[PDB]
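> Structure incoming, see below.
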Amino acid sequence: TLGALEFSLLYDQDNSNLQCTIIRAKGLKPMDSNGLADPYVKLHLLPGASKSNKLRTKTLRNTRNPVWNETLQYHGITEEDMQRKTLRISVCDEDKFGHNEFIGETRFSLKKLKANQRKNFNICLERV
C-alpha cells in the first residue's frame, strides 16, 4: 500500500537520448506526521558517477495523488550505458525544511528497453 507510479520510457538511440516521462502517482502512503504531502520523483542511473546521474521532477504540494506530467531527459546515453545501467526511480515527500522522507521505489534494467520503442509502466512502489 505504498502507492502506484506511472511512467513511460523511450530510448531515442540515434540521438543518444533516454526520455523518462514521469506521469503520476496514486495513493502515496501517509507517513511522518510532521512531514508534508509534497511528493517528487528522483532518477538515478546505477552504476553512476553521482551528481550527473541524478535527475529530479518538480515538487508538488498537498497531494497523495500527484500528476507531474514531466519528461526528464538523460542526454549522452549510449549502447554501453543501456547495457550496463539500471534506472532507479524513487518517490519522496519534501518536508518543512527542504529535507525529505523516502516512500518507495522501482528499478528497471535498461537492457530490456528496445531502441525507438516506447514502453509504458504502471507499477506499485516498493522498499528495498
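Following Swiss-Prot, chain A residues are numbered 382-509, in order.
We read in the header that X-ray crystallography, 1.8 Å was used to get this structure.
Yeah, the Cβs are placed from backbone N, Cα and C, and that goes for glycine too.
Here Swiss-Prot flags 382-504 as domain 'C2 1', drawing on sequence analysis. As annotated by Swiss-Prot, Ca(2+) 1 binding site applies to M412, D413, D474, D476, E482. The Ca(2+) 2 binding site feature in Swiss-Prot is assigned to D413, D419, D474, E475, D476; the stated evidence is similarity to another entry.
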> So if I measure Cβ to Cβ from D476 (Ca(2+) 1 binding site) and keep only same-chain residues at least 6 apart in sequence, which ones fall under 8 Å?
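Same-chain residues close to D476 (Ca(2+) 1 binding site) (Cβ under 8 Å, separated by 6 or more) are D413, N415, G416, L417, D419, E482.
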> An 8 Å radius from the center of the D413, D419, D474, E475, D476 Cβ atoms defines the neighbourhood of the Ca(2+) 2 site; name the other residues of that chain inside it, in order.
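Other same-chain residues near the Ca(2+) 2 site: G416, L417, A418, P420, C473, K477, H480, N481, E482.
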> Expressed to the nearest Å, what is the distance separating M412 (Ca(2+) 1 binding site) and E475 (Ca(2+) 2 binding site) at their Cα atoms?
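Cα to Cα, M412 (Ca(2+) 1 binding site) and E475 (Ca(2+) 2 binding site) are separated by 12 Å.
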> Count the Cβ atoms, other than its own, that fall within 10 Å of the Cβ of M412 (Ca(2+) 1 binding site), considering every protein chain shown.
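If we count other Cβ atoms within 10 Å of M412 (Ca(2+) 1 binding site), we arrive at 13.
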> Looking only at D413, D419, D474, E475, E482, which of these binding-site residues has the biggest number of Cβ atoms within 10 Å around its Cβ?
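Highest number of other Cβ atoms within 10 Å: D474.
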> According to DSSP, folded down to helix, strand and coil, what is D413 (Ca(2+) 1 binding site)?
coil
> Hey, for the Ca(2+) 1 site built from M412, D413, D474, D476, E482, who else sits with CB inside 8 A of the CB center?
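Other same-chain residues near the Ca(2+) 1 site: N415, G416, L417, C473, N481, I484.
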> Using DSSP, tally how many residues of the domain 'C2 1' (382-504) sit in helix, strand and coil.
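Each residue of the domain 'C2 1' (382-504) counted once, the result is 15 helix, 63 strand, 45 coil.
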